[PDB]
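*Asks:* Below is the file start.txt, which contains compact mmCIF, N, CA and C atoms.
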# COMPACT_ATOMS: atom_id res chain seq x y z
N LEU A 300 -82.08 169.33 24.68
CA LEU A 300 -80.65 169.55 24.54
C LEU A 300 -79.86 168.49 25.31
N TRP A 301 -80.36 168.08 26.47
CA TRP A 301 -79.69 167.03 27.23
C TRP A 301 -79.75 165.70 26.50
N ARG A 302 -80.84 165.44 25.78
CA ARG A 302 -80.94 164.18 25.05
C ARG A 302 -80.01 164.16 23.85
N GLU A 303 -79.89 165.29 23.14
CA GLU A 303 -78.92 165.34 22.05
C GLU A 303 -77.49 165.20 22.60
N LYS A 304 -77.21 165.83 23.75
CA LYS A 304 -75.91 165.64 24.39
C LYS A 304 -75.70 164.18 24.76
N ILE A 305 -76.75 163.52 25.25
CA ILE A 305 -76.65 162.11 25.61
C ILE A 305 -76.28 161.28 24.39
N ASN A 306 -76.92 161.56 23.25
CA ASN A 306 -76.61 160.83 22.03
C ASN A 306 -75.17 161.07 21.59
N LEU A 307 -74.72 162.33 21.64
CA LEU A 307 -73.35 162.63 21.24
C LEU A 307 -72.34 161.93 22.15
N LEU A 308 -72.60 161.96 23.46
CA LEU A 308 -71.72 161.27 24.40
C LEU A 308 -71.78 159.76 24.21
N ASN A 309 -72.93 159.22 23.81
CA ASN A 309 -73.02 157.80 23.49
C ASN A 309 -72.12 157.47 22.31
N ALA A 310 -72.13 158.31 21.28
CA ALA A 310 -71.24 158.09 20.14
C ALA A 310 -69.78 158.11 20.56
N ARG A 311 -69.40 159.13 21.35
CA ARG A 311 -68.02 159.21 21.81
C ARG A 311 -67.65 157.99 22.65
N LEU A 312 -68.55 157.57 23.53
CA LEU A 312 -68.30 156.43 24.40
C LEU A 312 -68.15 155.14 23.60
N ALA A 313 -68.97 154.98 22.56
CA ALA A 313 -68.85 153.81 21.70
C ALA A 313 -67.50 153.79 20.99
N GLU A 314 -67.06 154.94 20.48
CA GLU A 314 -65.74 155.00 19.86
C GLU A 314 -64.66 154.60 20.86
N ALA A 315 -64.73 155.15 22.07
CA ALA A 315 -63.73 154.84 23.09
C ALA A 315 -63.73 153.35 23.42
N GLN A 316 -64.92 152.76 23.54
CA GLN A 316 -65.02 151.35 23.90
C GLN A 316 -64.48 150.45 22.79
N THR A 317 -64.75 150.80 21.53
CA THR A 317 -64.19 150.03 20.43
C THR A 317 -62.66 150.09 20.44
N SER A 318 -62.11 151.29 20.65
CA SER A 318 -60.66 151.40 20.77
C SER A 318 -60.14 150.55 21.93
N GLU A 319 -60.87 150.55 23.05
CA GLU A 319 -60.49 149.74 24.20
C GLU A 319 -60.42 148.26 23.84
N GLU A 320 -61.45 147.76 23.15
CA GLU A 320 -61.49 146.34 22.80
C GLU A 320 -60.34 145.98 21.87
N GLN A 321 -60.09 146.81 20.86
CA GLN A 321 -59.01 146.52 19.93
C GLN A 321 -57.66 146.53 20.64
N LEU A 322 -57.44 147.51 21.52
CA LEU A 322 -56.20 147.56 22.28
C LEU A 322 -56.06 146.34 23.18
N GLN A 323 -57.17 145.87 23.74
CA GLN A 323 -57.13 144.66 24.56
C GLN A 323 -56.67 143.46 23.74
N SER A 324 -57.25 143.28 22.55
CA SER A 324 -56.84 142.16 21.71
C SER A 324 -55.36 142.26 21.35
N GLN A 325 -54.91 143.47 20.98
CA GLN A 325 -53.51 143.65 20.63
C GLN A 325 -52.59 143.36 21.81
N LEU A 326 -52.99 143.79 23.01
CA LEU A 326 -52.19 143.55 24.20
C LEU A 326 -52.05 142.06 24.48
N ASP A 327 -53.16 141.32 24.36
CA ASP A 327 -53.08 139.87 24.56
C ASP A 327 -52.18 139.21 23.52
N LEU A 328 -52.28 139.62 22.26
CA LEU A 328 -51.43 139.03 21.23
C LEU A 328 -49.96 139.33 21.51
N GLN A 329 -49.66 140.55 21.97
CA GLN A 329 -48.29 140.88 22.32
C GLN A 329 -47.80 140.08 23.52
N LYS A 330 -48.69 139.77 24.47
CA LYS A 330 -48.30 138.87 25.55
C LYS A 330 -47.93 137.49 25.01
N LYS A 331 -48.71 136.99 24.05
CA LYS A 331 -48.37 135.70 23.45
C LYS A 331 -47.01 135.75 22.76
N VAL A 332 -46.75 136.83 22.02
CA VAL A 332 -45.44 136.98 21.37
C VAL A 332 -44.34 137.05 22.42
N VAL A 333 -44.62 137.69 23.56
CA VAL A 333 -43.67 137.74 24.65
C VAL A 333 -43.35 136.33 25.13
N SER A 334 -44.37 135.49 25.27
CA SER A 334 -44.14 134.10 25.68
C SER A 334 -43.27 133.36 24.67
N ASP A 335 -43.53 133.58 23.38
CA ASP A 335 -42.73 132.91 22.35
C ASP A 335 -41.26 133.33 22.44
N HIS A 336 -40.99 134.64 22.46
CA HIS A 336 -39.62 135.10 22.66
C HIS A 336 -39.06 134.62 23.99
N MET A 337 -39.93 134.37 24.97
CA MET A 337 -39.48 133.95 26.29
C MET A 337 -38.89 132.54 26.21
N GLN A 338 -39.62 131.64 25.55
CA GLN A 338 -39.09 130.30 25.30
C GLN A 338 -37.88 130.33 24.37
N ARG A 339 -37.83 131.26 23.41
CA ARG A 339 -36.62 131.37 22.60
C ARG A 339 -35.42 131.72 23.46
N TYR A 340 -35.55 132.73 24.31
CA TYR A 340 -34.49 133.06 25.26
C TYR A 340 -34.12 131.85 26.11
N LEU A 341 -35.11 131.01 26.43
CA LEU A 341 -34.81 129.77 27.13
C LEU A 341 -33.88 128.87 26.32
N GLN A 342 -34.25 128.59 25.07
CA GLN A 342 -33.52 127.59 24.30
C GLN A 342 -32.09 128.03 24.02
N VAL A 343 -31.89 129.28 23.62
CA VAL A 343 -30.55 129.76 23.30
C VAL A 343 -29.70 129.82 24.56
N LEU B 300 -69.45 172.80 52.20
CA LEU B 300 -69.93 171.47 51.85
C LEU B 300 -69.13 170.90 50.69
N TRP B 301 -68.74 171.74 49.74
CA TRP B 301 -67.90 171.29 48.64
C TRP B 301 -66.49 170.98 49.12
N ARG B 302 -66.02 171.68 50.15
CA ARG B 302 -64.74 171.30 50.75
C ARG B 302 -64.83 169.92 51.39
N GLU B 303 -65.92 169.66 52.10
CA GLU B 303 -66.14 168.32 52.65
C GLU B 303 -66.21 167.28 51.54
N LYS B 304 -66.90 167.62 50.45
CA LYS B 304 -66.97 166.74 49.29
C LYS B 304 -65.58 166.47 48.73
N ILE B 305 -64.75 167.51 48.64
CA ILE B 305 -63.39 167.35 48.13
C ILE B 305 -62.60 166.41 49.03
N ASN B 306 -62.71 166.59 50.34
CA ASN B 306 -61.98 165.72 51.25
C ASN B 306 -62.42 164.27 51.12
N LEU B 307 -63.73 164.04 51.05
CA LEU B 307 -64.22 162.67 50.91
C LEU B 307 -63.79 162.07 49.58
N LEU B 308 -63.78 162.87 48.51
CA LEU B 308 -63.38 162.34 47.21
C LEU B 308 -61.88 162.14 47.12
N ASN B 309 -61.09 162.90 47.88
CA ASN B 309 -59.67 162.60 48.01
C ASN B 309 -59.48 161.27 48.72
N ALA B 310 -60.24 161.03 49.79
CA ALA B 310 -60.17 159.75 50.48
C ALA B 310 -60.56 158.60 49.55
N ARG B 311 -61.62 158.80 48.77
CA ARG B 311 -62.10 157.74 47.88
C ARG B 311 -61.14 157.52 46.72
N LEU B 312 -60.54 158.59 46.20
CA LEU B 312 -59.63 158.47 45.07
C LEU B 312 -58.41 157.64 45.44
N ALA B 313 -57.89 157.82 46.66
CA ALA B 313 -56.77 157.00 47.11
C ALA B 313 -57.16 155.53 47.18
N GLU B 314 -58.38 155.24 47.64
CA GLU B 314 -58.82 153.85 47.76
C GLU B 314 -58.92 153.19 46.39
N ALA B 315 -59.47 153.90 45.40
CA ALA B 315 -59.57 153.33 44.06
C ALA B 315 -58.20 153.09 43.46
N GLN B 316 -57.27 154.03 43.67
CA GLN B 316 -55.90 153.83 43.21
C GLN B 316 -55.26 152.63 43.90
N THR B 317 -55.54 152.45 45.19
CA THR B 317 -55.00 151.30 45.91
C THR B 317 -55.55 149.99 45.36
N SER B 318 -56.85 149.94 45.06
CA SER B 318 -57.42 148.74 44.45
C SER B 318 -56.81 148.48 43.07
N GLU B 319 -56.65 149.55 42.29
CA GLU B 319 -55.99 149.43 40.99
C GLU B 319 -54.59 148.86 41.14
N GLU B 320 -53.85 149.37 42.12
CA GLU B 320 -52.48 148.92 42.32
C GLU B 320 -52.43 147.51 42.87
N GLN B 321 -53.44 147.11 43.65
CA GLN B 321 -53.51 145.72 44.11
C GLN B 321 -53.73 144.76 42.95
N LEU B 322 -54.61 145.12 42.02
CA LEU B 322 -54.80 144.27 40.84
C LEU B 322 -53.55 144.28 39.96
N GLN B 323 -52.87 145.42 39.88
CA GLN B 323 -51.58 145.46 39.19
C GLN B 323 -50.57 144.53 39.86
N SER B 324 -50.56 144.50 41.19
CA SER B 324 -49.67 143.61 41.92
C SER B 324 -50.03 142.15 41.67
N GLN B 325 -51.32 141.85 41.55
CA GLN B 325 -51.72 140.48 41.20
C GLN B 325 -51.23 140.11 39.80
N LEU B 326 -51.33 141.04 38.85
CA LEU B 326 -50.77 140.80 37.52
C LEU B 326 -49.27 140.53 37.60
N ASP B 327 -48.56 141.36 38.36
CA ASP B 327 -47.12 141.17 38.52
C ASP B 327 -46.81 139.85 39.23
N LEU B 328 -47.69 139.41 40.13
CA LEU B 328 -47.48 138.12 40.80
C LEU B 328 -47.67 136.97 39.83
N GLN B 329 -48.64 137.08 38.92
CA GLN B 329 -48.77 136.07 37.87
C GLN B 329 -47.52 136.04 37.00
N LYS B 330 -47.00 137.21 36.64
CA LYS B 330 -45.75 137.25 35.88
C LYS B 330 -44.58 136.68 36.69
N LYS B 331 -44.59 136.87 38.01
CA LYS B 331 -43.56 136.29 38.86
C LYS B 331 -43.65 134.77 38.86
N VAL B 332 -44.87 134.23 38.87
CA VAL B 332 -45.04 132.78 38.74
C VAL B 332 -44.48 132.31 37.40
N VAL B 333 -44.75 133.07 36.34
CA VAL B 333 -44.18 132.77 35.03
C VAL B 333 -42.65 132.73 35.12
N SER B 334 -42.07 133.70 35.84
CA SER B 334 -40.62 133.77 35.96
C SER B 334 -40.06 132.61 36.77
N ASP B 335 -40.78 132.17 37.80
CA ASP B 335 -40.33 131.00 38.56
C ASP B 335 -40.33 129.75 37.69
N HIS B 336 -41.41 129.53 36.94
CA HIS B 336 -41.45 128.38 36.05
C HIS B 336 -40.38 128.48 34.97
N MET B 337 -40.14 129.69 34.46
CA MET B 337 -38.93 129.97 33.69
C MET B 337 -37.68 129.43 34.37
N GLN B 338 -37.40 129.87 35.59
CA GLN B 338 -36.15 129.47 36.24
C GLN B 338 -36.10 127.96 36.43
N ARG B 339 -37.25 127.30 36.50
CA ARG B 339 -37.24 125.84 36.53
C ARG B 339 -36.82 125.26 35.18
N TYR B 340 -37.35 125.82 34.08
CA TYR B 340 -37.04 125.28 32.76
C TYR B 340 -35.54 125.38 32.47
N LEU B 341 -34.92 126.50 32.87
CA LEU B 341 -33.49 126.67 32.65
C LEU B 341 -32.69 125.55 33.30
N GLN B 342 -33.03 125.21 34.55
CA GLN B 342 -32.28 124.19 35.27
C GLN B 342 -32.43 122.83 34.60
N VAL B 343 -33.63 122.50 34.14
CA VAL B 343 -33.88 121.21 33.51
C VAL B 343 -33.59 121.29 32.02
Written as structure tokens, that's how I'd like the structure from this file.
*Replies:*
Amino acid sequence: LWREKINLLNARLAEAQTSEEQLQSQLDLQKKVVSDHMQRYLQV
Amino acid sequence: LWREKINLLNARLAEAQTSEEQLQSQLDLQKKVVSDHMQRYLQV
């Protein structure tokens, strides 16, 4: 029963980690967009 | 013994939060460097 629980928790953990990675990529891209708007605010 | 455990884990939890906040402060310091270079670009 502990091994089946381990497998289920592994599945949940993998889902969480994939969400983490995708959110990380999105956060970095939004930082880049922030820099672009930042230079725009500079020019205007 | 569980009360002692609770006290030690309260002590440890504060330390982890402090390390988290220190890394957050480093992130904010990087953004502050960004803001200083910003303020340079405006002048020039």
*Asks:* What are the nearest atom pairs, with distances in Å to one decimal, for all residues of chain A that come at most 8 Å from chain B, using all atoms listed in the file, set out by chain and rising residue number as a Markdown table?
*Replies:*
| residue | atom | partner | partner_atom | distance |
| --- | --- | --- | --- | --- |
| A:337 | C | B:337 | CA | 7.9 |
| A:341 | CA | B:341 | CA | 6.5 |
| A:342 | N | B:341 | CA | 7.9 |
*Asks:* One decimal, in Å: what's the spacing between atom N of residue 301 of chain A and atom N of residue 313 of chain A?
*Replies:*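 Rounded to one decimal, the two atoms are 17.8 Å apart.
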*Asks:* Rotate and translate chain A onto chain B via least squares on all in-order Cα pairs, then write the result as a PDB file with N, CA and C atoms, in the coordinates of the input.
*Replies:*
ATOM      1  N   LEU A 300     -70.618 172.847  49.858  1.00  0.00           N
ATOM      2  CA  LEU A 300     -70.987 171.630  49.153  1.00  0.00           C
ATOM      3  C   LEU A 300     -69.816 171.114  48.315  1.00  0.00           C
ATOM      4  N   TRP A 301     -69.043 172.018  47.723  1.00  0.00           N
ATOM      5  CA  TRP A 301     -67.875 171.599  46.956  1.00  0.00           C
ATOM      6  C   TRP A 301     -66.818 170.984  47.856  1.00  0.00           C
ATOM      7  N   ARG A 302     -66.693 171.478  49.087  1.00  0.00           N
ATOM      8  CA  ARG A 302     -65.699 170.913  49.994  1.00  0.00           C
ATOM      9  C   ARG A 302     -66.109 169.532  50.473  1.00  0.00           C
ATOM     10  N   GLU A 303     -67.404 169.333  50.756  1.00  0.00           N
ATOM     11  CA  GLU A 303     -67.852 167.989  51.109  1.00  0.00           C
ATOM     12  C   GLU A 303     -67.674 167.035  49.915  1.00  0.00           C
ATOM     13  N   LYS A 304     -67.959 167.517  48.697  1.00  0.00           N
ATOM     14  CA  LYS A 304     -67.697 166.705  47.510  1.00  0.00           C
ATOM     15  C   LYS A 304     -66.215 166.384  47.394  1.00  0.00           C
ATOM     16  N   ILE A 305     -65.356 167.357  47.698  1.00  0.00           N
ATOM     17  CA  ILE A 305     -63.916 167.134  47.639  1.00  0.00           C
ATOM     18  C   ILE A 305     -63.515 166.029  48.604  1.00  0.00           C
ATOM     19  N   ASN A 306     -64.064 166.059  49.822  1.00  0.00           N
ATOM     20  CA  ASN A 306     -63.753 165.026  50.799  1.00  0.00           C
ATOM     21  C   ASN A 306     -64.229 163.656  50.329  1.00  0.00           C
ATOM     22  N   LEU A 307     -65.451 163.589  49.786  1.00  0.00           N
ATOM     23  CA  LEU A 307     -65.967 162.311  49.309  1.00  0.00           C
ATOM     24  C   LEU A 307     -65.116 161.762  48.164  1.00  0.00           C
ATOM     25  N   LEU A 308     -64.738 162.639  47.230  1.00  0.00           N
ATOM     26  CA  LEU A 308     -63.877 162.216  46.128  1.00  0.00           C
ATOM     27  C   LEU A 308     -62.490 161.830  46.625  1.00  0.00           C
ATOM     28  N   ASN A 309     -61.999 162.470  47.685  1.00  0.00           N
ATOM     29  CA  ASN A 309     -60.733 162.065  48.285  1.00  0.00           C
ATOM     30  C   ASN A 309     -60.840 160.649  48.828  1.00  0.00           C
ATOM     31  N   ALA A 310     -61.942 160.333  49.501  1.00  0.00           N
ATOM     32  CA  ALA A 310     -62.141 158.970  49.994  1.00  0.00           C
ATOM     33  C   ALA A 310     -62.156 157.963  48.857  1.00  0.00           C
ATOM     34  N   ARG A 311     -62.927 158.269  47.798  1.00  0.00           N
ATOM     35  CA  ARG A 311     -62.981 157.362  46.659  1.00  0.00           C
ATOM     36  C   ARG A 311     -61.603 157.196  46.024  1.00  0.00           C
ATOM     37  N   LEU A 312     -60.870 158.293  45.880  1.00  0.00           N
ATOM     38  CA  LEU A 312     -59.550 158.260  45.268  1.00  0.00           C
ATOM     39  C   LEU A 312     -58.569 157.443  46.104  1.00  0.00           C
ATOM     40  N   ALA A 313     -58.654 157.574  47.429  1.00  0.00           N
ATOM     41  CA  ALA A 313     -57.803 156.780  48.305  1.00  0.00           C
ATOM     42  C   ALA A 313     -58.104 155.292  48.157  1.00  0.00           C
ATOM     43  N   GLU A 314     -59.385 154.930  48.099  1.00  0.00           N
ATOM     44  CA  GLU A 314     -59.733 153.530  47.877  1.00  0.00           C
ATOM     45  C   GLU A 314     -59.147 153.034  46.559  1.00  0.00           C
ATOM     46  N   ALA A 315     -59.309 153.821  45.498  1.00  0.00           N
ATOM     47  CA  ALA A 315     -58.796 153.423  44.188  1.00  0.00           C
ATOM     48  C   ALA A 315     -57.281 153.250  44.224  1.00  0.00           C
ATOM     49  N   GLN A 316     -56.586 154.172  44.892  1.00  0.00           N
ATOM     50  CA  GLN A 316     -55.129 154.117  44.941  1.00  0.00           C
ATOM     51  C   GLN A 316     -54.642 152.908  45.738  1.00  0.00           C
ATOM     52  N   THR A 317     -55.324 152.584  46.840  1.00  0.00           N
ATOM     53  CA  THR A 317     -54.960 151.393  47.591  1.00  0.00           C
ATOM     54  C   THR A 317     -55.140 150.131  46.743  1.00  0.00           C
ATOM     55  N   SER A 318     -56.266 150.047  46.028  1.00  0.00           N
ATOM     56  CA  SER A 318     -56.455 148.919  45.122  1.00  0.00           C
ATOM     57  C   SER A 318     -55.347 148.870  44.069  1.00  0.00           C
ATOM     58  N   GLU A 319     -54.958 150.039  43.551  1.00  0.00           N
ATOM     59  CA  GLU A 319     -53.880 150.112  42.574  1.00  0.00           C
ATOM     60  C   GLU A 319     -52.582 149.539  43.132  1.00  0.00           C
ATOM     61  N   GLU A 320     -52.224 149.943  44.355  1.00  0.00           N
ATOM     62  CA  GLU A 320     -50.971 149.481  44.953  1.00  0.00           C
ATOM     63  C   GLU A 320     -50.997 147.974  45.163  1.00  0.00           C
ATOM     64  N   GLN A 321     -52.104 147.448  45.681  1.00  0.00           N
ATOM     65  CA  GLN A 321     -52.190 146.015  45.914  1.00  0.00           C
ATOM     66  C   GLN A 321     -52.102 145.242  44.602  1.00  0.00           C
ATOM     67  N   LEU A 322     -52.795 145.719  43.564  1.00  0.00           N
ATOM     68  CA  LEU A 322     -52.721 145.072  42.263  1.00  0.00           C
ATOM     69  C   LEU A 322     -51.306 145.127  41.703  1.00  0.00           C
ATOM     70  N   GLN A 323     -50.603 146.229  41.944  1.00  0.00           N
ATOM     71  CA  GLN A 323     -49.213 146.331  41.502  1.00  0.00           C
ATOM     72  C   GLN A 323     -48.349 145.266  42.167  1.00  0.00           C
ATOM     73  N   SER A 324     -48.480 145.117  43.488  1.00  0.00           N
ATOM     74  CA  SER A 324     -47.694 144.101  44.181  1.00  0.00           C
ATOM     75  C   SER A 324     -48.017 142.706  43.652  1.00  0.00           C
ATOM     76  N   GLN A 325     -49.315 142.419  43.463  1.00  0.00           N
ATOM     77  CA  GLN A 325     -49.704 141.113  42.953  1.00  0.00           C
ATOM     78  C   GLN A 325     -49.157 140.867  41.552  1.00  0.00           C
ATOM     79  N   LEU A 326     -49.181 141.897  40.702  1.00  0.00           N
ATOM     80  CA  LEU A 326     -48.668 141.767  39.348  1.00  0.00           C
ATOM     81  C   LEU A 326     -47.178 141.452  39.349  1.00  0.00           C
ATOM     82  N   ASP A 327     -46.418 142.154  40.199  1.00  0.00           N
ATOM     83  CA  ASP A 327     -44.985 141.859  40.290  1.00  0.00           C
ATOM     84  C   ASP A 327     -44.736 140.438  40.786  1.00  0.00           C
ATOM     85  N   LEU A 328     -45.488 139.986  41.784  1.00  0.00           N
ATOM     86  CA  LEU A 328     -45.299 138.627  42.284  1.00  0.00           C
ATOM     87  C   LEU A 328     -45.624 137.605  41.198  1.00  0.00           C
ATOM     88  N   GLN A 329     -46.675 137.859  40.411  1.00  0.00           N
ATOM     89  CA  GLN A 329     -46.999 136.962  39.316  1.00  0.00           C
ATOM     90  C   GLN A 329     -45.925 136.970  38.236  1.00  0.00           C
ATOM     91  N   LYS A 330     -45.277 138.118  38.007  1.00  0.00           N
ATOM     92  CA  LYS A 330     -44.135 138.127  37.100  1.00  0.00           C
ATOM     93  C   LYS A 330     -43.010 137.236  37.622  1.00  0.00           C
ATOM     94  N   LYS A 331     -42.751 137.296  38.930  1.00  0.00           N
ATOM     95  CA  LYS A 331     -41.727 136.421  39.499  1.00  0.00           C
ATOM     96  C   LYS A 331     -42.090 134.950  39.315  1.00  0.00           C
ATOM     97  N   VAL A 332     -43.357 134.608  39.557  1.00  0.00           N
ATOM     98  CA  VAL A 332     -43.799 133.221  39.347  1.00  0.00           C
ATOM     99  C   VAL A 332     -43.647 132.841  37.881  1.00  0.00           C
ATOM    100  N   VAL A 333     -43.899 133.788  36.972  1.00  0.00           N
ATOM    101  CA  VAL A 333     -43.704 133.548  35.558  1.00  0.00           C
ATOM    102  C   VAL A 333     -42.246 133.201  35.282  1.00  0.00           C
ATOM    103  N   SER A 334     -41.321 133.934  35.893  1.00  0.00           N
ATOM    104  CA  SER A 334     -39.896 133.632  35.719  1.00  0.00           C
ATOM    105  C   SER A 334     -39.560 132.233  36.223  1.00  0.00           C
ATOM    106  N   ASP A 335     -40.127 131.857  37.370  1.00  0.00           N
ATOM    107  CA  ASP A 335     -39.858 130.522  37.914  1.00  0.00           C
ATOM    108  C   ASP A 335     -40.352 129.432  36.959  1.00  0.00           C
ATOM    109  N   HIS A 336     -41.616 129.512  36.528  1.00  0.00           N
ATOM    110  CA  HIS A 336     -42.108 128.570  35.529  1.00  0.00           C
ATOM    111  C   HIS A 336     -41.306 128.656  34.240  1.00  0.00           C
ATOM    112  N   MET A 337     -40.708 129.816  33.963  1.00  0.00           N
ATOM    113  CA  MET A 337     -39.957 130.003  32.729  1.00  0.00           C
ATOM    114  C   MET A 337     -38.687 129.151  32.764  1.00  0.00           C
ATOM    115  N   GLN A 338     -37.964 129.229  33.881  1.00  0.00           N
ATOM    116  CA  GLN A 338     -36.805 128.357  34.073  1.00  0.00           C
ATOM    117  C   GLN A 338     -37.206 126.888  34.170  1.00  0.00           C
ATOM    118  N   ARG A 339     -38.378 126.578  34.735  1.00  0.00           N
ATOM    119  CA  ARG A 339     -38.820 125.186  34.718  1.00  0.00           C
ATOM    120  C   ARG A 339     -39.000 124.690  33.295  1.00  0.00           C
ATOM    121  N   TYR A 340     -39.701 125.451  32.465  1.00  0.00           N
ATOM    122  CA  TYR A 340     -39.823 125.113  31.049  1.00  0.00           C
ATOM    123  C   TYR A 340     -38.451 124.954  30.404  1.00  0.00           C
ATOM    124  N   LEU A 341     -37.476 125.752  30.851  1.00  0.00           N
ATOM    125  CA  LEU A 341     -36.114 125.569  30.372  1.00  0.00           C
ATOM    126  C   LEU A 341     -35.572 124.183  30.713  1.00  0.00           C
ATOM    127  N   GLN A 342     -35.642 123.806  31.990  1.00  0.00           N
ATOM    128  CA  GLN A 342     -34.976 122.585  32.428  1.00  0.00           C
ATOM    129  C   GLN A 342     -35.595 121.349  31.792  1.00  0.00           C
ATOM    130  N   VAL A 343     -36.919 121.265  31.753  1.00  0.00           N
ATOM    131  CA  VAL A 343     -37.581 120.092  31.190  1.00  0.00           C
ATOM    132  C   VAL A 343     -37.337 120.023  29.690  1.00  0.00           C
TER     133      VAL A 343
END
*Asks:* Edge lengths and centre in Å to one decimal, as AutoDock Vina command-line options, is what I'm after for the box along x, y and z that holds all listed atoms of segment 310-321 of chain A once 4 Å is added on each side.
*Replies:*
--center_x -64.9 --center_y 152.6 --center_z 22.1 --size_x 22.5 --size_y 21.2 --size_z 12.5
*Asks:* Please, what distance in Å, to one decimal, runs between atom CA of residue 314 of chain B and atom N of residue 311 of chain A?
*Replies:* 28.9 Å
*Asks:* Just the number, please: distance in Å from atom C of residue 331 of chain B to atom N of residue 339 of chain A, one decimal.
*Replies:*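 These two atoms are separated by 16.9 Å.
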